[PDB]
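# Coordinate analysis (summary)
What follows is the residue order along each chain.
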Amino acid sequence: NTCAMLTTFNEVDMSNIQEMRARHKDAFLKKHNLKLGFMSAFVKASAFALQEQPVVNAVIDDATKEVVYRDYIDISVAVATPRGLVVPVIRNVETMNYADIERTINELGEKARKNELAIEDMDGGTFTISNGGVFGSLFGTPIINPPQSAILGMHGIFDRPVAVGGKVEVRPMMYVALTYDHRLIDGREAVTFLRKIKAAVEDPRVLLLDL
Amino acid sequence: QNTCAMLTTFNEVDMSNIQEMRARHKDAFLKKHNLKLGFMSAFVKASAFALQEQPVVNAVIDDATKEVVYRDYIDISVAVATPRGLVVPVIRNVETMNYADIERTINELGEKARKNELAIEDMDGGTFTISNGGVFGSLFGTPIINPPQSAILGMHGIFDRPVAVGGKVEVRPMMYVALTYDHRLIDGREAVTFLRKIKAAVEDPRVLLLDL
Amino acid sequence: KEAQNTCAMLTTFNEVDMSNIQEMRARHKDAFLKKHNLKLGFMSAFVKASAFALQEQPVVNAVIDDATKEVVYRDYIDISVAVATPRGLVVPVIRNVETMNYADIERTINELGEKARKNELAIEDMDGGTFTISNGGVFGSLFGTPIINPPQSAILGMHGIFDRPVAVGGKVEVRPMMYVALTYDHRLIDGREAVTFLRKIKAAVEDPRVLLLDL
Amino acid sequence: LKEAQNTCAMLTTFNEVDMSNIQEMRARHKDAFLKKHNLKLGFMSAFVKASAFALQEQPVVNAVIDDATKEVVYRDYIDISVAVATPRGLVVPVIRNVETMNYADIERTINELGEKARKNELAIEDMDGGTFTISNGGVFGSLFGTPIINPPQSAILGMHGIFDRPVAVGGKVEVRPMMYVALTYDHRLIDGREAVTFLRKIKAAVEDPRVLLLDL
Amino acid sequence: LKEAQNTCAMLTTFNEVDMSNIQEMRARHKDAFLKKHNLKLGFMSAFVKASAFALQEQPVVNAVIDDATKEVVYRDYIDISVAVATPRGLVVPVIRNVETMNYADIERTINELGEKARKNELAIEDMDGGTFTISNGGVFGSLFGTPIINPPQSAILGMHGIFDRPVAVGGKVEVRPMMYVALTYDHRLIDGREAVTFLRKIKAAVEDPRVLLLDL
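Residues numbered from 1 in each chain as written, not as in the entry; some residues may be left out. Chains lettered and ligands numbered in written order. Part of a larger assembly, values for the part shown. Heavy atoms only, no water.

- Structure determination for the deposited model, as stated in its record, used cryo-EM, and the stated resolution is 3.1 Å.

- Per the PDB record, the entry is named "Structure of the native 2-oxoglutarate dehydrogenase complex (OGDHC) in the adult cortex and hippocampus".

Rendered as structure tokens:
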């Protein structure tokens, strides 16, 4: 009786991020000592789209029926543990490039694995990401954890035949999801947000171009 | 999903035949009716046909008396998106209508919406809600039932995907369609058949004339 | 609805290649009729896959007790398969599913269908299920979200088998694929458990040899 | 300018940058860039941002010989002084705080500064304070040549025309739009290694702009 | 630097060198060279020996304009100042009487000088006094550029990176490992024709080392 949940889906062509991870895999590891991953691209695209559409960043206060707009943006990434899935928080992401996002993700994942994370940074955040792609999933409905207003559900990357230029081609594709609440965000805004994340991931130069 | 009854179903409709009709007859349509040809009329007519062939979907549960009302008239509330927002203008008596009339009424209601002469009378009483979120590129998604009716058809963007025909791979322009229905009056079989029948009517518009 | 509010149901989807199942049906239909006097189908494979996955994963089989707030555990698996009758839909439950194979599942399904058709199906053969499989693919559906029948904790949504082009080994071929959906009670089952459960079901259906190999 | 060509002891280094990705990105995003940002995508934003990247990773070049005290001051800010072409002549407007700008922000600054200069509104504050120069003589069809260090700065990047030239990729021969770029540096502060690495970083940033996001 | 730029009016002439012969000889002789000399073959020794040969044939470049007397001094000995990589920074050790050794001894001299500079035991005895400096930029992948004359020499060689480039050999295009070579010379002593001939002799002696043996 609190939240009514609805979901929209879309698909992202991960054929450019794979190339980046395939060419700058040793230089990045030599200069920073971390493994390149898909998660930084999606975090940065989420930050870009949240900046473009601040209504997705806002949240309704059910106690006073007030809409609070938050200028800071934080994606609450998720890492799985044997005792249960735990959701850390990446803080102040609108001014981090791929290196900083990757390093924060690595540190938070290590802390979750060795169990030294307390509630001080587990609470808060304006966005969530539920990367269910570690365990191969085609697509699905992700739950909104409280008190957020939307969550991105990333699933596994699979090779399926897609039609580009009228010809059947095999490219690595990912199904993305966006569980929002109609009480705050309309369907058009959620569709535009997901499509903008898709655009910013499938061509990272959009971030440099501000498109 | 708690206070929605939710429980949606999805299908794929091929739009090769509909775009062929548009490419063939859009000039004549503009010359005669002074309008433009889209895929909206196909979906509205298909929904009307599907509602004719099984009216239990068109029914509404009255929780006040535990009574199901089987309304005979078909009233489809086509949603037109405007920068101010999405509204629900209602097209009356879709059973006695064709593609030209449906397009004309859709355009007229949209024009009333642009200048905001949308009276309360032409904003309710609909038996079925058709929401087009496909004007914004989206693969598929789950829409929401509009009260008091118990179903809604939401179409999405048209993309070209490879699909098998006769065992051979061929690229055709396809759509994803969705239907969220209240399980308290219509079971899964009925709603799946309803969506299949809408898809069959849109894919081959001549089944409307053949009355299948 | 009170049941809707109390249960927070979430859905996840996957796809199954129905290439091995159809081949085994093609090669093992006449022998099935000669031996068991009964025709082969699709439901037995999915029922057995769900049974094997539940045996490996007891959490999905378990249900929370609403009366006392206890996650009561069940050492026994009973799938509740929905059969179709002219007078409507009924959900008979097949009992002691761990200790039978494809042949006995077909026998039980046939007996329950012929009992429902002729209207001698009592209340003992109706309740007591632990997991449900909804075969919504008979009426040609692509995919969708099923609903859990109480007091069960999860449902597997079987859909129609469609000839669809999919790339395996870098080549595009046409294979008969089916979309599977798992609507699960999130209060008890987590995302990892649900995804792994659906993957185990899909793997067992794609290769029936996994069941006897006990992976 | 004569009192710099010998006192600064300039040496010139040259490299080729492959403008395939830049042209690809322009062809792909020009329509949307004009529709949303109300400008036109260009070559110079990429080069200015690449220079900012290289001056971030290599701060000795960003420094200047302070002849008063023989000091090498490591600035925490980068001041790119682009040569904007005007019908009257060539001027040197400056872009300030180039560490944090996207391609669109640099485009907007360059277009606004060019409109200011063409309509004769350029102020001194928009002309002084340079730290690195991106003088572009390539719209004149030049192949390659040696630029001159702009005082008080310690280096300058000279850009020239873009021509389709045969190159080797994986042992095969393919024609692609190839570009000759030059760097004229003060060898008293910058070793050969430092200047060559500077040009390699600029070339890598221009060839694959994804490096800027990837922070490699 | 300041003095070299201000006093000498150094001019630079350029050329391109095939390295396919050197690459082939390395590919076929690396294993034997390592097994016998316990050293790994390099591209540098061929260039040093070719420069020594060209200095032998043209003794004008093997000479210095004496500043005090405005005269020329002809050195019968050839010394080359090869720059050796080092994390501290590149230095300039000197090889003595380069014309008397082949590739094998130049390789061992370079290896010993690199080992000694790595441990920073580079004495000034074997550090200053050369006659012709050679600078390598191929380890940082520079395309081409003008090197600075190390004083008090009269010229310098400007070896750069080696890149596969499409070139014309007998009317058809094939990709061969090609490298730009540059010579910065004091035009006061060495004339234009002498500088071009010197660079051409270095080119000839590097393109096929059999000229060195053949004494062409």
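Structure shown, so let's carry the discussion forward.
### Re the UniProt feature "active site" in chain B
- Per the UniProt entry, the sites bearing "active site" are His183 and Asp187 of chain B in this numbering.
- In this fold, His183 of chain B is placed in the loop between strand 11 (168-181) and helix 4 (188-203).
- Setting aside residues up to four positions removed in sequence, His183 of chain B forms contacts with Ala5 and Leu7 of chain B together with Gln4 and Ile147 of chain C.
- In this structure, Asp187 of chain B sits in the loop between strand 11 and helix 4. (UniProt positions renumbered as here; feature names shortened; annotations may be inferred. Helix = DSSP H or I, 4+ residues; strand = E, 2+ residues; numbered from the N terminus. Contact = heavy atoms within 4.5 Å.)

### Examining the arrangement of the chains
- Where the five pairs of chains in contact are concerned, the greatest contact count is recorded for chains A and D.
- Nothing in chain A touches chain E, and the closest approach of their C-alpha atoms is 16 Å.

### A closer look at the side chain of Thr126 of chain A
All names here are of chain A.
- Within the fold, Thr126 resides in the loop between helix 4 (98-113) and strand 5 (127-131).
- Looking at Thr126, its side chain comes within polar contact range of the side chain of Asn57, at 2.9 Å.
- Those residues in contact with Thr126 that sit more than four places away from it in its chain are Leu50, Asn57, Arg70, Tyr72, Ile73, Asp74 and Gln148. (Polar contact = N/O pair within 3.5 Å; in protein donor to acceptor, adjacent residues only side chain to side chain.)

### Focus on unusual backbone geometry
- In this structure, the amide linkage connecting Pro146 of chain A to the following residue, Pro147 of chain A, adopts the cis form with an omega of 0°.
- Secondary-structure assignment places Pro147 of chain A in the loop between strand 6 (139-140) and strand 7 (150-164).
- Put simply, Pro150 of chain C and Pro151 of chain C share a cis peptide bond, and its omega is 0°.
- With respect to the secondary-structure elements, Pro151 of chain C resides in the loop between strand 9 (143-144) and strand 10 (154-168).

### Overview of the nonpolar core
- In terms of nonpolar packing, the biggest core is built from 110 residues, with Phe42 of chain A together with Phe47 of chain D touching the most fellow members.
- Within the second largest apolar cluster, 49 residues are counted, among which are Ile22, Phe132, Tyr185 and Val206 of chain E. (Core = buried A, V, L, I, M, F, W, Y, C linked by side-chain atoms within 4.5 Å. Buried < 20%, exposed > 50% of the residue type's maximum accessible area, 1.4 Å probe, protein only.)

### Points about the pairing of strand 8 (residues 167-180) of chain A
Residue and element names in this part refer to chain A.
- Two strands pair when backbone bridges link them, and strand 1 (residues 6-13) and strand 8 are joined in this way by eight bridges, in the antiparallel orientation. Of the residues in strand 8, the one forming a bridge with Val12 is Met174.
- Hairpin connection, strand 7 to strand 8: the antiparallel pair is bridged by two residues, and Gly165 has positive phi, about 70°. (Pairing = 2+ DSSP bridges.)

### Focus: the pairing of strand 8 (residues 131-135) of chain C
Residue and element names in this part refer to chain C.
- Pairing analysis gives three bridges linking strand 4 (residues 79-81) to strand 8, with the strands arranged parallel. Opposite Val81, over in strand 8, you have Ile133 as the bridge partner.
- Sheet topology note: the strand 8/strand 10 ladder contains four bridges and is parallel. Directly across from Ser134, in strand 10, lies its bridge partner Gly157.

### Some thoughts on the sheet that holds strand 1 (residues 8-14) of chain B
- Here we have seven strands laid out as an open sheet, ordered 7(B)-4(B)-8(B)-10(B)-11(B)-1(B)-9(C), and mixed in their pairing. Where the open sheet ends on each side, the last strands, each with one partner, are strand 7 (91-92) of chain B together with strand 9 of chain C.
- Two strands pair when backbone bridges link them, and strand 1 of chain B and strand 9 of chain C are joined in this way by two bridges, in the antiparallel orientation. Looking at the pairing, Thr9 of chain B lines up with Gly144 of chain C of strand 9 of chain C.
- Helix 4 of chain B contacts strand 1, strand 8 (128-132), strand 10 (151-165) and strand 11 of chain B of the sheet and is inclined by roughly 20° relative to strand 1 of chain B. (Axes fitted to C-alpha atoms, helices over the stretch in contact; angles between N-to-C directions.)

### A few points about the interface of chain A and chain D
- Of the residues lining the interface, 23 residues belong to chain A; the matching set on chain D comes to 22 residues.
- Buried surface at the junction of chain A and chain D, both sides included, amounts to about 2,200 Å², of which 64% is carbon and sulfur.
- On the chain A side of the contact with chain D, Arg205, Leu208 and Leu209 of chain A bury the most area, a combined 38% of that side's loss.
- Summed over the shared surface of chain A and chain D, the result is five salt bridges.
- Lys36 of chain D is the partner of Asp210 of chain A in a salt bridge, and the nearest nitrogen-oxygen pair spans 3.3 Å.
- If you look at where chain A meets chain D, you find 13 residue pairs in polar contact.
- Elements with a contribution of two residues or more to the side of chain A that touches chain D: helix 1 (17-23), helix 2 (26-32), helix 4 and helix 6 (205-209) of chain A.
- When residues of the side of chain A that touches chain D are assigned to their parent elements, the largest contribution, five residues, is made by helix 6 of chain A.
- A class-by-class count of the residues in the side of chain A that touches chain D yields 12 nonpolar, four polar and seven charged. (Buried area = accessible area lost by both parts, 1.4 Å probe. Salt bridge = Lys/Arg side-chain N within 4 Å of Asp/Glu carboxyl O. Nonpolar A, V, L, I, M, F, W, Y, C, P; charged D, E, K, R; others polar.)

### Digging into the interface of chain B and chain C
- Across the contact, 21 residues belong to chain B and 17 residues belong to chain C.
- Between chain B and chain C, roughly 1,800 Å² of surface is buried when both sides are summed, and carbon and sulfur atoms account for 62% of that area.
- The largest contributions to the chain B side of the interface with chain C come from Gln1, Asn2 and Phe10 of chain B, which together make up 24% of the buried area.
- Here chain B is connected to chain C by zero salt bridges.
- Taken together, chain B and chain C are joined by five residue pairs in polar contact.
- Mapped onto the side of chain B that touches chain C, the elements with two or more residues apiece are strand 1, strand 10, strand 11 and helix 4 of chain B.
- At five residues, the largest contribution of residues to the side of chain B that touches chain C is made by strand 1 of chain B.
- When its residues are assigned to classes, the side of chain B that touches chain C shows 10 nonpolar, eight polar and three charged.

### Concerning the environment of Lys200 of chain C
- Of note, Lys200 of chain C is situated in helix 7 (residues 191-206).
- For the pair formed by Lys200 of chain C and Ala3 of chain C, sequence separation is 197 residues and the distance between their alpha carbons is 28 Å.

### Brief notes about helix 2 (residues 20-37) of chain E
Residue and element names in this part refer to chain E.
- The terminal C-alpha atoms of helix 2 lie 23 Å apart, and with 18 residues this matches the ideal 26 Å at 1.5 Å per residue to within 8%.
- Most pronounced at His29, the bend in helix 2 amounts to some 55°.
- Residues of helix 2 that are buried: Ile22, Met25, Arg26 and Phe33.
- The secondary structure elements touched by the buried residues of helix 2 are helix 3 (44-57), helix 4 (103-118) and helix 5 (192-207).
- Of the residues trailing helix 2, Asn38 is marked for its positive phi of about 60°. (Expected span 1.5 Å × (residues − 1). Bend = angle between axes of the 7 residues up to and from the residue.)

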